[PDB]
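To start, the structure under review is shown below, and the notes come after it.
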Amino acid sequence: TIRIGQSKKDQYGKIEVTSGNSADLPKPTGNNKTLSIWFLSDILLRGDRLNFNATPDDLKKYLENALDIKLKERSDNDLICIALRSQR
RNA sequence: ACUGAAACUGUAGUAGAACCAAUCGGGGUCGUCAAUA
């Protein structure tokens, strides 16, 4: 049992932590037709000047480097390819 | 690539003003009673 966050000494922050049995590792399906990406957490990326950034082409470049592939935007018009929001 | 810290929802405010538990009443006084055979 630990107190976390702001004003944790007062009426705030008391949490119980419990540990579970070691989970199975993620097992994503490798598909060569498309890559789908879901941000489960806020993604912080450096721009190429190492400022933080909001340019998705940098994430495109990052992924295709990290996976050693090449990526292209989904070209249909009745569908959306990208659905990001900025976070500070 | 590392939980901010510290901070009293307190301070002032009369559940009170108004309203008669009251109005009227001599502690008094006279004729029967009963239904049959």
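Residue numbers start from 1 in every chain, and the chains themselves are labelled A, B, ... in the order their sequence lines are given, proteins ahead of strands.
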Given atom [atom1] of [X] and atom [atom2] of [N], what is their separation to the nearest angstrom?
{"X": "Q11(A)", "N": "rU9(B)", "atom1": "CD", "atom2": "P", "answer": "7 Å"}
{"X": "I15(A)", "N": "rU3(B)", "atom1": "CD1", "atom2": "P", "answer": "14 Å"}
{"X": "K8(A)", "N": "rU3(B)", "atom1": "NZ", "atom2": "P", "answer": "8 Å"}
{"X": "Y12(A)", "N": "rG4(B)", "atom1": "OH", "atom2": "P", "answer": "14 Å"}

Flag if over 12 foreign heavy atoms under 6.0 Å of [atom1], [X]:
{"X": "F52(A)", "atom1": "CZ", "value": "yes"}
{"X": "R46(A)", "atom1": "CZ", "value": "yes"}
{"X": "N77(A)", "atom1": "CG", "value": "no"}

Nearest-nucleotide wise, let me know which of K9(A) and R46(A) is further upstream toward the 5' end of RNA chain B.
-> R46(A)
Start at the 5' end of RNA chain B and walk down; is the nucleotide closest to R3(A) or to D10(A) reached first?
-> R3(A)
Tell me whether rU23(B) sits syn or anti, counting syn as a glycosidic angle within 90° of 0.
-> anti
Mind telling me whether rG13(B) is syn or anti, cutoff 90° either side of 0?
-> anti
Check whether the six-membered base rings of [N] and [M] have centres under 5.5 Å apart and planes under 30 degrees from each other.
{"N": "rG13(B)", "M": "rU14(B)", "result": "no"}
{"N": "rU29(B)", "M": "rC30(B)", "result": "no"}
{"N": "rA21(B)", "M": "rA22(B)", "result": "no"}

Using the [atom1] atom in both, what is the distance from [N] to [M], to the nearest Å?
{"N": "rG31(B)", "M": "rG27(B)", "atom1": "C1'", "result": "22 Å"}
{"N": "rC33(B)", "M": "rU29(B)", "atom1": "P", "result": "22 Å"}
{"N": "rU32(B)", "M": "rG28(B)", "atom1": "P", "result": "25 Å"}

Under the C1'-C2'-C3'-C4' criterion, what is the pucker of the sugar in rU11(B): north or south?
-> north
Is a side-chain donor-acceptor pair under 3.5 Å present for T55(A) with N53(A)?
-> yes
How far apart are the closest heavy atoms of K70(A) and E64(A), and which atoms are they?
-> CA-OE1, 3.7 Å
Mark yes or no for whether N31(A), through its side chain, and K33(A), through its backbone, hold a donor-acceptor pair below 3.5 Å.
-> yes
For the side chain of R74(A) and the backbone of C81(A), is there at least one donor-acceptor N/O pair under 3.5 Å apart?
-> no
Writing each nucleotide of RNA chain B 5' to 3' as (, ), [, ], | or . by Watson-Crick or G-U pairing under 3.5 Å yields .....................................
